[PDB]
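Take a look at the structure below.
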Amino acid sequence: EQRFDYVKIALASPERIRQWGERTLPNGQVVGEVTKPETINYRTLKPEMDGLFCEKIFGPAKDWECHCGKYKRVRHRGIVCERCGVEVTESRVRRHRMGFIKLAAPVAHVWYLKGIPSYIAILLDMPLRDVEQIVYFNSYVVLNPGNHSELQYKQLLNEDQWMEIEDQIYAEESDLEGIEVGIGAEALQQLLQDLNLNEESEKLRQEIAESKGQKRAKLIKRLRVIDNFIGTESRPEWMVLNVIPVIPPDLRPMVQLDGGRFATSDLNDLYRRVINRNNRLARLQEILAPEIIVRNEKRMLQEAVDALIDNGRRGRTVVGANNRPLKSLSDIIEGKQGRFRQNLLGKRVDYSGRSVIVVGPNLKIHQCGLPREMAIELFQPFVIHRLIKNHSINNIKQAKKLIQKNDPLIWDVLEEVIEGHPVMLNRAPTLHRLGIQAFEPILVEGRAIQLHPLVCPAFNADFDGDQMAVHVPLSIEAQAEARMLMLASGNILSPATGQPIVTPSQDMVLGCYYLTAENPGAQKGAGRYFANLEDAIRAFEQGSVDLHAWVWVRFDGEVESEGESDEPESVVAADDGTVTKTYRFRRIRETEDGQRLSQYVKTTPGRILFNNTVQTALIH
Amino acid sequence: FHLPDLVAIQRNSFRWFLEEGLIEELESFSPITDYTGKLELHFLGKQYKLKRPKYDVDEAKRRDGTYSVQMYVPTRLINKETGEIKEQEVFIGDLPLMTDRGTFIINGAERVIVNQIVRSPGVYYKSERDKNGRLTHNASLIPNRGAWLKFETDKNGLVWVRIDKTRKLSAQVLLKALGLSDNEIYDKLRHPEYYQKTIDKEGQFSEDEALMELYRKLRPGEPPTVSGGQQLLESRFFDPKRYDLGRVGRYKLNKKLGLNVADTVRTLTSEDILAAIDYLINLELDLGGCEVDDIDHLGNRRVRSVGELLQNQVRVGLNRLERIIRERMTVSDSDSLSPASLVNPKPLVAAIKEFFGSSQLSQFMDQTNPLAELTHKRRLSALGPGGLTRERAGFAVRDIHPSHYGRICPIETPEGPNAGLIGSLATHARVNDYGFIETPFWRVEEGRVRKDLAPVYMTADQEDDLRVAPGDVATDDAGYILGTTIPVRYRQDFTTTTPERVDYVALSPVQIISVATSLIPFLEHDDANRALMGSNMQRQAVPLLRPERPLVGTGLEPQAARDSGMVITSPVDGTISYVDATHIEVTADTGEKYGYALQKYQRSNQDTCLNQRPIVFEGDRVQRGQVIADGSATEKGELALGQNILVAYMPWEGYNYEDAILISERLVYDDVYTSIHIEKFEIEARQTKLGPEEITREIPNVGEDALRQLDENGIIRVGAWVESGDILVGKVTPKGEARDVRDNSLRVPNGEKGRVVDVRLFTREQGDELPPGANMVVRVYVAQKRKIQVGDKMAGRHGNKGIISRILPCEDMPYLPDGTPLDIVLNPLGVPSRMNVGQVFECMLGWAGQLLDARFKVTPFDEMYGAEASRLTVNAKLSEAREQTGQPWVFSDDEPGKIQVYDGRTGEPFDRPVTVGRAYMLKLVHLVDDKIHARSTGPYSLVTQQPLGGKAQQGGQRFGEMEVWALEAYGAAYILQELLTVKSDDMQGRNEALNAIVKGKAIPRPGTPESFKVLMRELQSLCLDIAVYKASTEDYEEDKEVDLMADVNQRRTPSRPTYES
Amino acid sequence: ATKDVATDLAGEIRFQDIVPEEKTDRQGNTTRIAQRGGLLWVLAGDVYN
DNA sequence: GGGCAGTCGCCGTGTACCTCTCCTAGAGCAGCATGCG
RNA sequence: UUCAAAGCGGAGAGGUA
DNA sequence: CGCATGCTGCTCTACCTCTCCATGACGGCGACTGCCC
Ligand SMILES: [Mg+2]
Ligand SMILES: [Zn+2]
């Protein structure tokens, strides 16, 4: 039930490139071609009629308004003006329409010529240096060696070689009919059109069947490329460009600085250079200029289009105002600061804030303290809804004015808005999944976030300057899922190893160690008998025994002493068969060949406090 | 303390530029001649007739202008044949001038030029080892400016030469092309058979073929020519305009190779090349007097300051100017010319402006307090135009070399990517005229230190054969050295010798550290990392309302404050006749009057106050050199950055946990730790093609309830309290659409309030310069007083940072056996794991000093006099305080540093005594009022339609990809999808979500975000045919291409979410 | 591993039992190693360069 | 032909937040202050 | 009946965790 | 008493070439290149 299922990529034919642009109008002509390098008008902030910002091609600048101003109103739908032929519709369509530029001479795509694998060189059975020399007008190439002895197909000639061959072909004495053709331009279109993929593949297979040596991998690569082109039903000559497309004008906008100066993009300069060189070359071709200048113009146009596609890949980098390079089309997508890693795999979001963190004791784990100045901003729509429904206000404008005026009712509404609504807290270097956690907020006074001390090692937090970010979930699914999968009170163990992660760490372990240790001095009240642990705690609370004294208590349960003597000691067989075995830390008294009658433990009031606290927490 | 002027690198460099830096560049370019040789221009660059500045320092500061002068050079134009000489004076440019403190004022901002540590010119030898081959040696010859030369020895015994980055070629070609016969190069070399091997292997060359081959290898593809090779060599190495060794380059070449060439000649010659080849041969053959070089040694490194960099910029501008002059001079056949109409000063003006405003060596001044300002001018950088790059600097450049001793501080650096790349000059170091750092020593004769014989300054290479003793050795009568074994340094190693064999002794024990690190008492009891932290954090403190001196200072405070130029001392030795908040006057003994004016509540680069107050009263006897008035961060004479407060070391009920700080409420209502911050706002009235802009109070769509405090001219009044969203200046623009004006008056940003203290304004037709197209400028200054509060950062001098978490009423704090509640409680868990033992010494000595009213001073490394000097002094002081006061609870012998403390909530004493004292704490510039931000909905980006970023423009928080991974590991699917689409860039789902939340319904399903469509358009524009397809249901039907860029729902889609009504 | 020693005084060199031997190889064509191993003495006296 | 050492060029090198400054050359055209008889 | 006037890109330098 | 000339602000467009702007990073991997059989 989704809109689409997969994404497919392929080579672009000139028909497709012209079809992306070239829309139609209710008349006898099409509009989608860019012909002049003007961007905007200097006197009035308006775009020209045939340029990089035109309105007949790319759409109107202001929605439901024409260039001449004759038309207006949303009544006019799908009707084009007459004085200037600008369709009347929304201006957002400006970031869709493309347009195109028609080249007076073919140029080669630099991705398919200058690559780590070069596909033109592989297809043509030629080294990269020879192809690069034929392009850029450094040498010639023979297209038909007919009726000659020292000339072969796809052989690189030179200026002097071509002149000396011309000295013989132009004599027309004999034995030179069927004039051979040599061409110092690209002529890559002719060489790639002459390909006959099916029989080339058959011949390559027939050769690869017999003999291998150690260097048949070249023929394997050629066969792979040929089979790819056969299967895709593409044409190799599409690697040489004849038209190019133009990006919509909102993706290369004009921005105005503070002092009235313009900061134009780097794509506009490259497009301007391409258009200017193309127009000049077409003009020269019209007048039938000498060929040695037309070739210079063609080489310059090749270099311009190459610099537009990718800057500094083959030749020299094109520098702009300063000596810094311009940003081409490939720099938009390729880097770490390119589109992929900066805008698609991570973005900026709404309903978010950031502040410093302080320590909050007396908080429970799963609770956090949020300042009152951030909550009124992150929770605005819920406050507005509650103000409209209960405490009937009227409209949204009155609710916003009430919030702005800082009425006392605002905080009463907010306190009941935020209860039961979880919030997600995050710290900067998120190294594992416990760097984002969900809490329940409590409104505090101040400008710092309060964090429970028991979650610091998970976040790797510390209260000497650290900062945290806050996000809120909006829908029911996000809320239920944050409560049920991410709440900070259900993150006991770690995913790397099953060891516990929420334990008293720094100042609580010191307190437990002091409370439960032993002290040879300060032992007032040692050797006193108590019934149950609560009596001992009550006797210590009102000062009558020390925190480190040794006392006997009555405790029927399981004990675990350190430095214990597992062998019974001081067995006194008393009367009536009753036996009272006295250990180092226990005084069990057992009946005759029967069960246990009583037990006593020699311990310390601090240990009684510790164990009573644990037992009370578990049983309640 | 023999300390001379601390900021003297900048002053010496600028004085050198003025004296002989501009003359040398102006006179190296003067005779400009055209090709016919008929006209000549001479620049008599010796007068310069500098014109006095039109604006004072204060006028430039308050007007937001530039402090500069004008340069005029006399020129003469000479016509050959027909005698015709014209004389005149031409305008060359505007030179910004250096103020009395070593800084520049550019566009109303204080700027400083940083010093740069680079590699010195000369010849450097190195030995490289192959994977399987022998050792092969190479030499590199590097000039101040020009082409580099490289010699290399092969595995077979062959010598090869490389020029710049051309191909390698045998040395015989180069030596014969230079014009040397076989006999002289045979005699000069010491081992001629080693070179004879190369001669035999590569074939003898004559001059003609030598130049032929040299031309062929340097510039391939052209027909060889003898004159071509001659011109190429002359332009490459022997041209003063294209090659320059420098004075230092000639000095280093002569020093290493042992030559005798004159100091005036600054281009390469034949003897240098012959000597370099001979040295390479000897190093290969292990002659005995040859050695490879270390490039990190401070004897191979140089310092460049403002003079040299300005000289280079002037040279470039002058080259451009000469090009313009030569182009313009020949365009006219008839003379009809004057030297004034020939020169155009635009390129030179542009070059100077670019150097002083947009370079990466001119930096915005650090001005939080006088200490930061002082240490910003003594900083050394290894990066810049002519140094290193961040990706190329590695482990070897960021280390400590044994040659930094006494020249670069080993403590003060940044932490992070800049650690080891920026350093600080030590206390006693100074730079000589070649560019090398020196340091002073005293002479030792027969074991006796001669403290009366003018200490000598020595560079890193000089003090390698001597045995140098440290500055902590103890003498008996400022004479003979006591002891039997003495530590010394010999050839970058630490040894011990008898004290009849040392040569020099360092001046002071603090000669090794900088000025910021010299202000930490009891430093030798601290770790080095925490010392770095404390020294760095001492420069982020904020000047307080009433400053106060430390009780346990170190002795360098009065010298660190005299360089900022804010303390006034009387030169008179007389009487004081008039004292006022803004003026002081002192009369001598019949020696006229001296009057001083004081700055009042000014503003620094970082929005801090710059007040100045008097100390004296009327009719006071005053001596020479006595302090008369002092600045905003100094008590009488000396620096005062913090306050002395009562401290106890113990844990509270969890409020001390992991560096948090618990303070008392006395620090709030006693106005301790409160400061003044001043901000500046600006508005501009410009003109537009539609029309001009007018500043007036007739603003549309506003009521009289919002125009109370405007002065019937549209500008607020001095002394008004402004809260958030209040109009300051009222402006209207002439929009095109009755009333045709629109309101965009400037208002205070959200979160700002205070008093209006200044409304200075400037306009045309009054003598004020304005940027083009503007009519008037209005500047408003707003001040406020800030108190300490929960979330602020506090610090000490020993590296202990913290954030305040609670402010207790004074009846809850623990109190002493006399009833005095404490001021701060600190956790003792943070001391033993980080090894700041000096803070306890400081606390105990401050306690004794408070009880005695003494104000002790202790200098670092104080244990050369005894075995445990600090402990004994502290114990003796505490015992003396106990005997003088009469209270026995002050000091106890069982627990020296600990006394009894009670609980303010219950009244019961704690089980064991705790440590209390007086601590000197500072308040840093990181305040929580500037770190809190929140957003619900605001502006969006233009291309991607994602929320903007930034606190100042209602920006959103970034959800990077690490957080995406964390949400994927949880199993979260709906939180992630809500974050990615509805809250970022789903242009239609944002409004639907907001309206659903307000109305109380369910949030609808999202669509495709805009960034994916942007990426598809960008990929299509690269001639790639990419599309999205929907699969066919039946068998032979074709898959259908889906059109993403076409909304099917003809419903409202605004650019930003809006509330329905 | 290797370690180079340096003289603590200046003067002339006297051998006691060290017999040098030029041991050539692929790298050290001029490396003359010791063969027996004895005592090396440095007689005192200032040295002029 | 086979098999290389040797060499040249392109790819890659932590996250989140805060403060400050500055941002295209050349040529063409029209209107106001200044020294002289 | 209509909204609507406050948002902008790049480069360099420094800092906090 | 009046007449002739340099300076400043606005506008309008167009781009290619060098003496090459550097020659202190380090590893991996693939594509030429001269040399010895
Ligand atoms: Mg921290
Ligand atoms: Zn129209």
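All chain A residue numbers match Swiss-Prot; in order, they span 5-624.
Placement of Cβ uses the backbone N, Cα and C atoms for every residue, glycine included.
Sequence annotations record features per position, and here Swiss-Prot assigns Zn(2+) binding site to A:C70, A:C72, A:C85, A:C88 based on sequence analysis. A:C88 (Zn(2+) binding site) is surrounded by 14 other CB atoms, counting those within 10 A of its CB over all protein chains shown. DSSP classifies A:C88 (Zn(2+) binding site) as coil under the three-state reduction.
Secondary structure from DSSP puts A:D468 (Mg(2+) binding site) in coil. The Mg(2+) binding site feature in Swiss-Prot is assigned to A:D466, A:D468, A:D470.
Only A:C70, A:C85, in sequence order, out of the binding-site residues A:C70, A:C85, A:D468, A:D470 have a CB under 6 Å from ligand 2. Residues from the binding-site residues list (A:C70, A:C88, A:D466) with a C-beta closer than 6 Å to any atom of ligand 1: A:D466. Contact annotation for chain B: of the listed binding-site residues (A:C70, A:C72, A:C85, A:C88), none places its CB atom under 8 A from a CB atom of that chain. Closest in space to A:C72 (Zn(2+) binding site), of the binding-site residues given as A:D466, A:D468, A:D470, is A:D470, taking the CA atom of each residue. Sequence-distant contacts (6 or more apart, same chain, Cβ under 8 Å) of A:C85 (Zn(2+) binding site) comprise A:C70, A:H71, A:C72, A:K74, A:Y75, A:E91, A:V92. DSSP assigns A:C70 (Zn(2+) binding site) to coil, not to a helix or a strand. Between the CA atoms of A:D468 (Mg(2+) binding site) and A:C88 (Zn(2+) binding site) there is a gap of 66 Å. On the backbone, the CA of A:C88 (Zn(2+) binding site) and the CA of A:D466 (Mg(2+) binding site) stand 66 Å apart. Of all Cβ atoms in the protein chains displayed, 12 besides its own lie within 10 Å of the Cβ of A:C72 (Zn(2+) binding site). Over all protein chains present, the Cβ of A:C70 (Zn(2+) binding site) has 22 other Cβ atoms lying within 10 Å. Close to the recorded Zn(2+) site, the chain also has A:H71, A:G73, A:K74, A:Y75, A:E86, A:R87, A:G89, A:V90: residues not among A:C70, A:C72, A:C85, A:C88 whose Cβ is within 8 Å of the site's Cβ mean position. Sequence-distant contacts of A:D470 (Mg(2+) binding site), defined by Cβ-Cβ distance under 8 angstroms and a gap of at least six in the same chain, are A:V360, A:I361, A:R431.
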